[PDB]
file model19.pdb (PDB, C-alpha atoms and all ligand atoms)
MODEL        1
ATOM      1  CA  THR A   1    -296.930   1.010 -33.611
ATOM      2  CA  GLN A   2    -294.383   1.151 -30.666
ATOM      3  CA  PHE A   3    -290.543   1.728 -30.396
ATOM      4  CA  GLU A   4    -288.566  -0.612 -28.080
ATOM      5  CA  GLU A   5    -285.662   1.157 -26.216
ATOM      6  CA  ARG A   6    -283.520  -2.051 -26.442
ATOM      7  CA  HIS A   7    -283.678  -1.738 -30.304
ATOM      8  CA  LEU A   8    -282.539   1.958 -30.485
ATOM      9  CA  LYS A   9    -278.844   1.798 -31.435
ATOM     10  CA  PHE A  10    -276.881   4.999 -30.694
ATOM     11  CA  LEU A  11    -274.996   6.371 -33.689
ATOM     12  CA  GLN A  12    -274.088  10.036 -33.029
ATOM     13  CA  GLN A  13    -275.003  13.054 -30.947
ATOM     14  CA  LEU A  14    -276.921  15.705 -32.983
ATOM     15  CA  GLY A  15    -277.080  18.410 -30.276
ATOM     16  CA  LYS A  16    -278.108  19.683 -26.814
ATOM     17  CA  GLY A  17    -280.253  22.569 -25.571
ATOM     18  CA  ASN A  18    -283.227  23.532 -23.334
ATOM     19  CA  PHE A  19    -282.649  20.649 -20.843
ATOM     20  CA  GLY A  20    -282.730  18.068 -23.714
ATOM     21  CA  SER A  21    -280.391  16.133 -26.045
ATOM     22  CA  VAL A  22    -280.965  14.896 -29.609
ATOM     23  CA  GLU A  23    -279.223  11.768 -30.951
ATOM     24  CA  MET A  24    -279.138  10.046 -34.317
ATOM     25  CA  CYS A  25    -280.192   6.374 -33.741
ATOM     26  CA  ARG A  26    -280.847   3.320 -35.831
ATOM     27  CA  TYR A  27    -284.200   1.667 -34.920
ATOM     28  CA  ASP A  28    -282.961  -1.875 -35.507
ATOM     29  CA  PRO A  29    -285.416  -4.629 -34.182
ATOM     30  CA  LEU A  30    -283.902  -7.202 -36.727
ATOM     31  CA  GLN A  31    -280.393  -6.586 -35.111
ATOM     32  CA  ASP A  32    -278.755  -6.779 -38.666
ATOM     33  CA  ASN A  33    -278.058  -2.961 -38.918
ATOM     34  CA  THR A  34    -280.734  -2.614 -41.729
ATOM     35  CA  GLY A  35    -283.062  -0.484 -39.501
ATOM     36  CA  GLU A  36    -284.280   3.069 -40.142
ATOM     37  CA  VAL A  37    -282.125   5.961 -39.010
ATOM     38  CA  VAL A  38    -284.222   8.282 -36.739
ATOM     39  CA  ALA A  39    -283.691  11.413 -34.546
ATOM     40  CA  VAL A  40    -284.330  10.763 -30.827
ATOM     41  CA  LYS A  41    -284.990  13.540 -28.275
ATOM     42  CA  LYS A  42    -284.738  12.806 -24.526
ATOM     43  CA  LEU A  43    -284.477  14.944 -21.358
ATOM     44  CA  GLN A  44    -281.032  15.144 -19.794
ATOM     45  CA  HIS A  45    -282.056  16.300 -16.256
ATOM     46  CA  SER A  46    -285.724  15.145 -15.991
ATOM     47  CA  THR A  47    -287.584  17.133 -13.249
ATOM     48  CA  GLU A  48    -291.461  17.045 -12.980
ATOM     49  CA  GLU A  49    -291.614  20.597 -14.570
ATOM     50  CA  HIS A  50    -289.278  19.435 -17.479
ATOM     51  CA  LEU A  51    -291.338  16.206 -18.046
ATOM     52  CA  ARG A  52    -294.553  18.314 -18.210
ATOM     53  CA  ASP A  53    -292.975  20.696 -20.861
ATOM     54  CA  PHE A  54    -291.518  17.738 -22.803
ATOM     55  CA  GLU A  55    -294.988  16.058 -22.941
ATOM     56  CA  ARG A  56    -296.521  19.288 -24.193
ATOM     57  CA  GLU A  57    -293.827  19.520 -26.978
ATOM     58  CA  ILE A  58    -294.638  15.845 -27.904
ATOM     59  CA  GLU A  59    -298.424  16.688 -28.144
ATOM     60  CA  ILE A  60    -297.617  19.831 -30.244
ATOM     61  CA  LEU A  61    -295.367  17.934 -32.732
ATOM     62  CA  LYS A  62    -297.836  14.979 -33.036
ATOM     63  CA  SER A  63    -300.673  17.497 -33.868
ATOM     64  CA  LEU A  64    -298.625  18.993 -36.786
ATOM     65  CA  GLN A  65    -298.761  17.490 -40.323
ATOM     66  CA  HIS A  66    -297.260  19.772 -42.953
ATOM     67  CA  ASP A  67    -294.518  19.331 -45.617
ATOM     68  CA  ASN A  68    -292.393  22.037 -43.920
ATOM     69  CA  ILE A  69    -292.652  20.693 -40.287
ATOM     70  CA  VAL A  70    -290.294  17.877 -39.077
ATOM     71  CA  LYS A  71    -292.290  14.582 -38.818
ATOM     72  CA  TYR A  72    -293.221  13.081 -35.492
ATOM     73  CA  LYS A  73    -292.695   9.241 -35.658
ATOM     74  CA  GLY A  74    -293.543   8.098 -32.160
ATOM     75  CA  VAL A  75    -292.640   7.841 -28.515
ATOM     76  CA  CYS A  76    -290.480   5.220 -26.768
ATOM     77  CA  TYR A  77    -291.596   4.427 -23.147
ATOM     78  CA  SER A  78    -289.134   2.926 -20.567
ATOM     79  CA  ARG A  79    -291.482   8.562 -16.931
ATOM     80  CA  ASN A  80    -288.347   8.974 -19.164
ATOM     81  CA  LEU A  81    -289.916   9.250 -22.622
ATOM     82  CA  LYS A  82    -288.058   9.568 -25.857
ATOM     83  CA  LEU A  83    -289.519  11.528 -28.763
ATOM     84  CA  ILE A  84    -288.881   9.759 -32.111
ATOM     85  CA  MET A  85    -288.665  11.957 -35.195
ATOM     86  CA  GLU A  86    -287.547  11.600 -38.780
ATOM     87  CA  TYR A  87    -283.803  12.146 -39.314
ATOM     88  CA  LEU A  88    -282.955  14.858 -41.931
ATOM     89  CA  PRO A  89    -279.365  14.009 -43.117
ATOM     90  CA  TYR A  90    -278.558  17.436 -44.618
ATOM     91  CA  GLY A  91    -278.736  18.897 -41.050
ATOM     92  CA  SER A  92    -279.635  22.506 -40.164
ATOM     93  CA  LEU A  93    -280.204  25.209 -42.800
ATOM     94  CA  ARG A  94    -277.580  27.269 -40.864
ATOM     95  CA  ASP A  95    -274.831  24.547 -41.399
ATOM     96  CA  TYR A  96    -276.022  23.736 -44.959
ATOM     97  CA  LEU A  97    -275.961  27.420 -46.083
ATOM     98  CA  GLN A  98    -272.585  28.090 -44.254
ATOM     99  CA  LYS A  99    -271.020  25.158 -46.227
ATOM    100  CA  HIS A 100    -272.671  25.673 -49.700
ATOM    101  CA  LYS A 101    -272.519  29.607 -49.463
ATOM    102  CA  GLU A 102    -273.278  31.654 -52.729
ATOM    103  CA  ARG A 103    -273.526  28.353 -54.823
ATOM    104  CA  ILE A 104    -277.200  28.532 -53.543
ATOM    105  CA  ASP A 105    -278.618  31.470 -55.553
ATOM    106  CA  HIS A 106    -281.304  34.079 -54.520
ATOM    107  CA  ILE A 107    -284.080  31.989 -56.317
ATOM    108  CA  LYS A 108    -283.172  28.988 -54.077
ATOM    109  CA  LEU A 109    -283.052  31.158 -50.855
ATOM    110  CA  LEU A 110    -286.568  32.360 -51.715
ATOM    111  CA  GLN A 111    -287.827  28.744 -52.250
ATOM    112  CA  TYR A 112    -286.600  28.082 -48.600
ATOM    113  CA  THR A 113    -288.150  31.426 -47.405
ATOM    114  CA  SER A 114    -291.568  30.473 -48.905
ATOM    115  CA  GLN A 115    -291.461  26.979 -47.208
ATOM    116  CA  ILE A 116    -290.546  28.580 -43.797
ATOM    117  CA  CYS A 117    -293.581  31.035 -44.241
ATOM    118  CA  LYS A 118    -295.925  28.169 -45.148
ATOM    119  CA  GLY A 119    -294.792  26.082 -42.160
ATOM    120  CA  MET A 120    -295.191  29.124 -39.877
ATOM    121  CA  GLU A 121    -298.665  30.036 -41.311
ATOM    122  CA  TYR A 122    -299.845  26.412 -40.696
ATOM    123  CA  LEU A 123    -298.357  26.603 -37.133
ATOM    124  CA  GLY A 124    -300.375  29.861 -36.529
ATOM    125  CA  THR A 125    -303.699  28.204 -37.575
ATOM    126  CA  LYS A 126    -303.206  25.832 -34.494
ATOM    127  CA  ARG A 127    -302.566  28.919 -32.246
ATOM    128  CA  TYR A 128    -298.931  27.830 -31.664
ATOM    129  CA  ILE A 129    -296.094  30.324 -31.120
ATOM    130  CA  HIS A 130    -292.707  28.863 -32.136
ATOM    131  CA  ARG A 131    -290.644  31.485 -30.151
ATOM    132  CA  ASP A 132    -287.271  30.218 -31.604
ATOM    133  CA  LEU A 133    -287.456  30.804 -35.388
ATOM    134  CA  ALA A 134    -283.778  30.841 -36.561
ATOM    135  CA  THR A 135    -281.780  29.141 -39.376
ATOM    136  CA  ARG A 136    -280.224  26.875 -36.646
ATOM    137  CA  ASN A 137    -283.823  25.502 -36.018
ATOM    138  CA  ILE A 138    -284.675  24.812 -39.676
ATOM    139  CA  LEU A 139    -283.646  21.427 -41.190
ATOM    140  CA  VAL A 140    -282.819  20.618 -44.813
ATOM    141  CA  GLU A 141    -284.593  17.451 -46.117
ATOM    142  CA  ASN A 142    -283.004  17.855 -49.603
ATOM    143  CA  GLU A 143    -281.936  20.632 -52.085
ATOM    144  CA  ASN A 144    -285.680  21.496 -52.651
ATOM    145  CA  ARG A 145    -287.150  21.189 -49.082
ATOM    146  CA  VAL A 146    -286.631  22.686 -45.609
ATOM    147  CA  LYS A 147    -288.659  22.011 -42.423
ATOM    148  CA  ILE A 148    -289.158  23.758 -39.046
ATOM    149  CA  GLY A 149    -287.466  21.681 -36.328
ATOM    150  CA  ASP A 150    -287.348  21.948 -32.490
ATOM    151  CA  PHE A 151    -290.715  22.767 -30.846
ATOM    152  CA  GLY A 152    -289.064  22.863 -27.363
ATOM    153  CA  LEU A 153    -289.955  26.548 -26.829
ATOM    154  CA  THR A 154    -293.434  26.472 -28.550
ATOM    155  CA  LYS A 155    -296.394  27.906 -26.572
ATOM    156  CA  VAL A 156    -300.108  27.433 -27.189
ATOM    157  CA  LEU A 157    -302.013  30.716 -27.116
ATOM    158  CA  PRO A 158    -304.685  31.059 -24.341
ATOM    159  CA  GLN A 159    -308.264  30.666 -25.744
ATOM    160  CA  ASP A 160    -309.158  34.320 -24.831
ATOM    161  CA  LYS A 161    -305.795  36.031 -25.786
ATOM    162  CA  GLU A 162    -303.586  36.756 -28.850
ATOM    163  CA  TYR A 163    -300.280  36.616 -26.858
ATOM    164  CA  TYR A 164    -298.513  34.236 -24.416
ATOM    165  CA  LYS A 165    -296.666  35.905 -21.466
ATOM    166  CA  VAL A 166    -293.593  34.034 -20.102
ATOM    167  CA  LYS A 167    -293.396  34.775 -16.314
ATOM    168  CA  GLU A 168    -289.934  33.217 -15.707
ATOM    169  CA  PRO A 169    -287.780  33.214 -18.901
ATOM    170  CA  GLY A 170    -284.975  30.685 -19.421
ATOM    171  CA  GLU A 171    -282.237  30.946 -22.110
ATOM    172  CA  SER A 172    -283.516  33.506 -24.635
ATOM    173  CA  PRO A 173    -282.341  34.181 -28.307
ATOM    174  CA  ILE A 174    -282.611  37.981 -27.617
ATOM    175  CA  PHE A 175    -281.060  39.022 -31.017
ATOM    176  CA  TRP A 176    -284.115  37.303 -32.772
ATOM    177  CA  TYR A 177    -286.669  38.818 -30.264
ATOM    178  CA  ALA A 178    -289.423  41.380 -30.961
ATOM    179  CA  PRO A 179    -289.301  44.537 -28.688
ATOM    180  CA  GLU A 180    -292.492  43.473 -26.706
ATOM    181  CA  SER A 181    -290.844  40.050 -26.072
ATOM    182  CA  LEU A 182    -287.769  41.837 -24.645
ATOM    183  CA  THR A 183    -289.715  44.327 -22.518
ATOM    184  CA  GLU A 184    -292.903  42.424 -21.492
ATOM    185  CA  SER A 185    -291.975  38.749 -22.312
ATOM    186  CA  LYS A 186    -295.054  38.785 -24.734
ATOM    187  CA  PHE A 187    -295.016  36.195 -27.542
ATOM    188  CA  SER A 188    -297.447  36.020 -30.495
ATOM    189  CA  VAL A 189    -297.763  35.344 -34.256
ATOM    190  CA  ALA A 190    -296.504  38.991 -34.668
ATOM    191  CA  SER A 191    -293.280  38.252 -32.570
ATOM    192  CA  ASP A 192    -292.732  35.024 -34.718
ATOM    193  CA  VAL A 193    -293.082  37.343 -37.847
ATOM    194  CA  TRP A 194    -290.366  39.688 -36.300
ATOM    195  CA  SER A 195    -288.019  36.546 -35.837
ATOM    196  CA  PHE A 196    -288.869  35.522 -39.446
ATOM    197  CA  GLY A 197    -287.461  38.930 -40.641
ATOM    198  CA  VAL A 198    -284.279  38.005 -38.696
ATOM    199  CA  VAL A 199    -284.294  34.488 -40.507
ATOM    200  CA  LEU A 200    -284.554  36.264 -43.926
ATOM    201  CA  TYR A 201    -281.585  38.464 -42.897
ATOM    202  CA  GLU A 202    -279.496  35.343 -41.866
ATOM    203  CA  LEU A 203    -280.254  33.771 -45.291
ATOM    204  CA  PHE A 204    -279.178  36.795 -47.349
ATOM    205  CA  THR A 205    -275.914  37.242 -45.289
ATOM    206  CA  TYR A 206    -275.146  33.499 -46.239
ATOM    207  CA  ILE A 207    -274.338  32.920 -42.451
ATOM    208  CA  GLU A 208    -271.126  35.199 -42.682
ATOM    209  CA  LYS A 209    -269.836  35.193 -38.969
ATOM    210  CA  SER A 210    -269.109  38.992 -38.728
ATOM    211  CA  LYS A 211    -272.589  39.671 -40.234
ATOM    212  CA  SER A 212    -274.662  37.564 -37.719
ATOM    213  CA  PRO A 213    -277.548  39.273 -35.743
ATOM    214  CA  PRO A 214    -275.488  38.985 -32.388
ATOM    215  CA  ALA A 215    -272.332  40.497 -34.061
ATOM    216  CA  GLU A 216    -274.278  43.361 -35.760
ATOM    217  CA  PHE A 217    -276.376  44.217 -32.696
ATOM    218  CA  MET A 218    -273.279  44.084 -30.373
ATOM    219  CA  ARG A 219    -271.379  46.555 -32.669
ATOM    220  CA  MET A 220    -274.502  48.871 -32.614
ATOM    221  CA  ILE A 221    -274.877  48.834 -28.797
ATOM    222  CA  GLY A 222    -271.088  48.663 -28.100
ATOM    223  CA  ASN A 223    -269.064  45.444 -27.471
ATOM    224  CA  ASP A 224    -268.330  46.840 -23.886
ATOM    225  CA  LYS A 225    -271.999  46.097 -22.866
ATOM    226  CA  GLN A 226    -272.399  42.997 -20.613
ATOM    227  CA  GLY A 227    -275.181  40.792 -19.192
ATOM    228  CA  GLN A 228    -278.610  42.439 -18.580
ATOM    229  CA  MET A 229    -277.113  45.787 -19.929
ATOM    230  CA  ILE A 230    -277.123  44.148 -23.431
ATOM    231  CA  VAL A 231    -280.979  43.681 -23.138
ATOM    232  CA  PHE A 232    -281.400  47.268 -21.752
ATOM    233  CA  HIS A 233    -279.435  48.774 -24.723
ATOM    234  CA  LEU A 234    -280.982  46.474 -27.374
ATOM    235  CA  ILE A 235    -284.542  47.556 -26.241
ATOM    236  CA  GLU A 236    -283.618  51.327 -26.461
ATOM    237  CA  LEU A 237    -281.837  50.736 -29.816
ATOM    238  CA  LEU A 238    -284.983  48.986 -31.281
ATOM    239  CA  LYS A 239    -287.243  51.739 -29.859
ATOM    240  CA  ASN A 240    -285.134  54.386 -31.711
ATOM    241  CA  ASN A 241    -285.292  52.401 -35.052
ATOM    242  CA  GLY A 242    -281.810  50.781 -34.984
ATOM    243  CA  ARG A 243    -282.144  47.756 -37.312
ATOM    244  CA  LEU A 244    -279.884  45.134 -38.905
ATOM    245  CA  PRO A 245    -278.288  46.437 -42.190
ATOM    246  CA  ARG A 246    -279.284  45.420 -45.742
ATOM    247  CA  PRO A 247    -277.032  42.293 -46.450
ATOM    248  CA  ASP A 248    -274.457  42.808 -49.295
ATOM    249  CA  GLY A 249    -276.067  42.034 -52.664
ATOM    250  CA  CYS A 250    -279.568  41.502 -51.140
ATOM    251  CA  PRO A 251    -282.427  42.687 -53.486
ATOM    252  CA  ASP A 252    -284.090  45.977 -52.294
ATOM    253  CA  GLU A 253    -287.547  44.181 -52.281
ATOM    254  CA  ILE A 254    -286.341  41.409 -49.886
ATOM    255  CA  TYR A 255    -284.820  44.057 -47.538
ATOM    256  CA  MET A 256    -288.256  45.839 -47.508
ATOM    257  CA  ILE A 257    -289.951  42.563 -46.410
ATOM    258  CA  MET A 258    -287.371  42.317 -43.504
ATOM    259  CA  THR A 259    -288.035  45.994 -42.436
ATOM    260  CA  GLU A 260    -291.851  45.420 -42.515
ATOM    261  CA  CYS A 261    -291.376  42.334 -40.240
ATOM    262  CA  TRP A 262    -289.261  44.577 -37.933
ATOM    263  CA  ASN A 263    -292.080  47.080 -37.209
ATOM    264  CA  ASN A 264    -292.262  48.279 -33.561
ATOM    265  CA  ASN A 265    -296.104  48.331 -33.971
ATOM    266  CA  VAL A 266    -297.188  44.648 -33.523
ATOM    267  CA  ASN A 267    -300.449  45.200 -35.603
ATOM    268  CA  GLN A 268    -298.513  46.646 -38.618
ATOM    269  CA  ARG A 269    -296.279  43.517 -39.092
ATOM    270  CA  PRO A 270    -297.289  41.372 -42.143
ATOM    271  CA  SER A 271    -299.066  38.030 -41.863
ATOM    272  CA  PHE A 272    -297.385  34.724 -42.857
ATOM    273  CA  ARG A 273    -300.176  34.179 -45.467
ATOM    274  CA  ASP A 274    -299.139  37.618 -47.033
ATOM    275  CA  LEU A 275    -295.386  36.841 -46.817
ATOM    276  CA  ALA A 276    -295.764  33.477 -48.685
ATOM    277  CA  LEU A 277    -297.818  35.272 -51.432
ATOM    278  CA  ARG A 278    -295.198  38.067 -51.648
ATOM    279  CA  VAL A 279    -292.138  35.760 -51.642
ATOM    280  CA  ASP A 280    -293.805  33.479 -54.328
ATOM    281  CA  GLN A 281    -294.343  36.591 -56.508
ATOM    282  CA  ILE A 282    -290.608  37.671 -56.129
ATOM    283  CA  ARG A 283    -289.586  34.014 -57.059
ATOM    284  CA  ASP A 284    -291.883  34.042 -60.143
ATOM    285  CA  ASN A 285    -290.490  37.482 -61.284
ATOM    286  CA  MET A 286    -286.839  36.213 -60.925
TER
HETATM  287  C1  LIG B   1    -282.927  19.088 -32.505
HETATM  288  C2  LIG B   1    -281.424  18.949 -32.738
HETATM  289  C3  LIG B   1    -280.589  20.239 -32.663
HETATM  290  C4  LIG B   1    -279.871  20.344 -31.330
HETATM  291  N1  LIG B   1    -279.602  20.221 -33.753
HETATM  292  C5  LIG B   1    -279.444  19.728 -35.060
HETATM  293  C6  LIG B   1    -278.312  20.165 -35.790
HETATM  294  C7  LIG B   1    -278.062  19.572 -37.018
HETATM  295  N2  LIG B   1    -278.803  18.597 -37.543
HETATM  296  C8  LIG B   1    -279.968  18.220 -36.680
HETATM  297  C9  LIG B   1    -280.890  17.191 -37.176
HETATM  298  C10 LIG B   1    -280.674  16.524 -38.355
HETATM  299  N3  LIG B   1    -281.750  15.693 -38.640
HETATM  300  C11 LIG B   1    -282.688  15.821 -37.649
HETATM  301  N4  LIG B   1    -283.947  15.302 -37.673
HETATM  302  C12 LIG B   1    -284.759  15.679 -36.658
HETATM  303  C13 LIG B   1    -284.368  16.510 -35.635
HETATM  304  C14 LIG B   1    -283.070  17.023 -35.634
HETATM  305  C15 LIG B   1    -282.195  16.696 -36.669
HETATM  306  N5  LIG B   1    -280.285  18.779 -35.504
HETATM  307  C16 LIG B   1    -281.486  21.486 -32.807
HETATM  308  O1  LIG B   1    -282.392  21.739 -32.004
HETATM  309  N6  LIG B   1    -281.226  22.191 -33.906
HETATM  310  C17 LIG B   1    -282.021  22.213 -35.135
HETATM  311  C18 LIG B   1    -283.426  21.811 -35.461
HETATM  312  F1  LIG B   1    -283.744  22.159 -36.627
HETATM  313  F2  LIG B   1    -283.613  20.578 -35.386
HETATM  314  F3  LIG B   1    -284.290  22.320 -34.693
ENDMDL
END
call {"tool": "encode", "arguments": {"input": "model19.pdb", "output": "structure tokens", "more": "lines below"}}
Ligand SMILES: CC[C@@](C)(Nc1ccnc(-c2c[nH]c3ncccc23)n1)C(=O)NCC(F)(F)F
result
Amino acid sequence: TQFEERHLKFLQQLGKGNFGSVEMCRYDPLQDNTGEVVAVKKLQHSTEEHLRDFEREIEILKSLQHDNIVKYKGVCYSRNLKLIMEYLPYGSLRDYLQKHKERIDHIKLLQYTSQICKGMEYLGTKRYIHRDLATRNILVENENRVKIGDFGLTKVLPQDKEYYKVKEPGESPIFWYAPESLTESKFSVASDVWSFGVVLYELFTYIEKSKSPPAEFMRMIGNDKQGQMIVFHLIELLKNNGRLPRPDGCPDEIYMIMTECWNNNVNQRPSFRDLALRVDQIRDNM
């Protein structure tokens, strides 16, 4: 069924990014304010290149049906398309964890970790590369469920290759990037696994500001480094085994999972199927 533009009542801005904006809207055809609250994504500056990428993101989201992937609801046509998605009122895992801090125990962080792995494994079966796995891009449905949000940077692997090469990169979350992504702009399941190790780190630091991957990496390379020199030094640091520290109070076993994800050798990084099995075993033991 279709969504009429005239019936989408603006409520609040949710955020802005990669040439798009996300708003919380009430889909109210009855005009009595009893309509469903939905998340609406639209392009801000809609060029023919941006429309093309937006359409691809719509096709990607529509093709995904998993408990740990934000639900596609529809499209609203007025091109200047609007992507309609389910609204998750608890917001991002980043904001949720920052607010609720250590009142969320290790058992609970591992329940979220497992769900992220499962969502990522399912994504990999479709030959999709997320490229922006971070706690800011994970949504909380409720206390017991998290989902991967924002597919704006997702690439589909070529039929004959196991990596996607970005020729002209835009805004990049470099402190979540695998070394081959920094040096050769190569993205794969293995680079998504590297970013997952960074997600696990974020979780176990409970989003403490001084402990964030940009703060830790900047201290390691020197806060005097600027622009492209940050990328140059981060590459050399990663090459010489500089890694994010073990978060305070993080179990040894969870830090080992992070370090395995952060392997310079792309083939030696674990698989998401293995990670979900491993994390479920840790959970069971606890
Ligand atoms: C896309 C919206 C945006 C900019 N920021 C947020 C921030 C807080 N809360 C919501 C939100 C709540 N409920 C929703 N339901 C669906 C989509 C988004 C939301 N979004 C983003 O890219 N960051 C997270 C991602 F997980 F969505 F990817």
call {"tool": "resolve_selection", "arguments": {"input": "model19.pdb", "expression": "the PyMOL selection byres (((chain A and resi 192) around 9) and not hetatm)", "output": "number ranges by chain"}}
result
A: 120, 129-133, 177-178, 187-191, 193-197
call {"tool": "resolve_selection", "arguments": {"input": "model19.pdb", "expression": "the PyMOL selection byres (((chain A and resi 185) around 6) and not hetatm)", "output": "number ranges by chain"}}
result
A: 165-166, 181-182, 184, 186
call {"tool": "atom_distance", "arguments": {"input": "model19.pdb", "atom1": "CA of residue 207 (chain A)", "atom2": "CA of residue 134 (chain A)"}}
result
11.3 Å
call {"tool": "residues_around", "arguments": {"input": "model19.pdb", "residues": "residue 13 (chain A)", "least_positions_apart": "3", "cutoff": "7 Å", "atoms": "all atoms listed in the file", "output": "compact mmCIF listing (two decimals) with C-alpha atoms, keeping the file's coordinate frame"}}
result
# COMPACT_ATOMS: atom_id res chain seq x y z
CA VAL A 22 -280.96 14.90 -29.61
CA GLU A 23 -279.22 11.77 -30.95
CA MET A 24 -279.14 10.05 -34.32
call {"tool": "resolve_selection", "arguments": {"input": "model19.pdb", "expression": "the PyMOL selection byres (((not hetatm)) within 7 of (chain B and resi 1))", "output": "NGL selection string"}}
result
:A and (14-17 or 21-22 or 39 or 70 or 85-92 or 136-139 or 148-150)
call {"tool": "atom_distance", "arguments": {"input": "model19.pdb", "atom1": "CA of residue 220 (chain A)", "atom2": "CA of residue 232 (chain A)"}}
result
13.0 Å
call {"tool": "atom_distance", "arguments": {"input": "model19.pdb", "atom1": "CA of residue 173 (chain A)", "atom2": "CA of residue 93 (chain A)"}}
result
17.2 Å
call {"tool": "residues_around", "arguments": {"input": "model19.pdb", "residues": "residue 243 (chain A)", "least_positions_apart": "2", "cutoff": "10 Å", "atoms": "all atoms listed in the file", "output": "ChimeraX atom specification"}}
result
/A:213,216-217,220,237-241,245-246,258-259,262-263
call {"tool": "closest_residue", "arguments": {"input": "model19.pdb", "among": "A:200, A:157, A:231, A:38", "to": "residue 127 (chain A)", "atoms": "all atoms listed in the file"}}
result
A:157
call {"tool": "closest_residue", "arguments": {"input": "model19.pdb", "among": "A:198, A:244, A:110, A:221", "to": "residue 145 (chain A)", "atoms": "all atoms listed in the file"}}
result
A:110
call {"tool": "closest_residue", "arguments": {"input": "model19.pdb", "among": "A:116, A:218, A:60, A:277", "to": "residue 152 (chain A)", "atoms": "only C-alpha atoms"}}
result
A:60
call {"tool": "closest_residue", "arguments": {"input": "model19.pdb", "among": "A:269, A:82, A:9, A:45", "to": "residue 257 (chain A)", "atoms": "all atoms listed in the file"}}
result
A:269
call {"tool": "closest_residue", "arguments": {"input": "model19.pdb", "among": "A:151, A:143, A:122, A:35", "to": "residue 72 (chain A)", "atoms": "only C-alpha atoms"}}
result
A:151
call {"tool": "decode", "arguments": {"input": "model19.pdb", "residues": "region 23-55 of chain A", "atoms": "C-alpha atoms", "output": "mmCIF file, in the first residue's frame"}}
result
data_model
loop_
_atom_site.group_PDB
_atom_site.id
_atom_site.type_symbol
_atom_site.label_atom_id
_atom_site.label_comp_id
_atom_site.auth_asym_id
_atom_site.auth_seq_id
_atom_site.Cartn_x
_atom_site.Cartn_y
_atom_site.Cartn_z
ATOM 1 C CA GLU A 23 12.532 13.074 10.410
ATOM 2 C CA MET A 24 10.054 11.543 12.822
ATOM 3 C CA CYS A 25 6.558 11.849 11.205
ATOM 4 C CA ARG A 26 3.043 10.773 11.984
ATOM 5 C CA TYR A 27 1.386 9.042 8.973
ATOM 6 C CA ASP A 28 -2.075 10.432 9.692
ATOM 7 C CA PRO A 29 -4.618 9.883 6.760
ATOM 8 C CA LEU A 30 -7.598 10.133 9.300
ATOM 9 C CA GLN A 31 -6.313 13.688 10.306
ATOM 10 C CA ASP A 32 -7.229 12.930 14.041
ATOM 11 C CA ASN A 33 -3.544 12.502 15.206
ATOM 12 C CA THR A 34 -4.120 8.691 15.775
ATOM 13 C CA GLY A 35 -1.714 7.716 12.914
ATOM 14 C CA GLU A 36 1.460 5.621 13.160
ATOM 15 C CA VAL A 37 4.712 7.343 14.026
ATOM 16 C CA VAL A 38 7.331 6.532 11.302
ATOM 17 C CA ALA A 39 10.936 7.555 10.378
ATOM 18 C CA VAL A 40 11.162 9.372 7.015
ATOM 19 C CA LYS A 41 14.412 9.750 5.027
ATOM 20 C CA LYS A 42 14.640 12.299 2.179
ATOM 21 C CA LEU A 43 17.500 13.895 0.193
ATOM 22 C CA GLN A 44 18.364 17.460 1.141
ATOM 23 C CA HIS A 45 20.258 18.481 -2.064
ATOM 24 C CA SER A 46 18.899 16.018 -4.699
ATOM 25 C CA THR A 47 21.332 15.739 -7.688
ATOM 26 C CA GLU A 48 20.987 12.885 -10.304
ATOM 27 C CA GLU A 49 24.017 11.068 -8.667
ATOM 28 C CA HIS A 50 22.381 11.443 -5.138
ATOM 29 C CA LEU A 51 18.950 10.198 -6.430
ATOM 30 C CA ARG A 52 20.675 7.134 -7.991
ATOM 31 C CA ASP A 53 22.463 6.302 -4.629
ATOM 32 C CA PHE A 54 19.254 6.944 -2.646
ATOM 33 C CA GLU A 55 17.305 4.513 -4.921
#
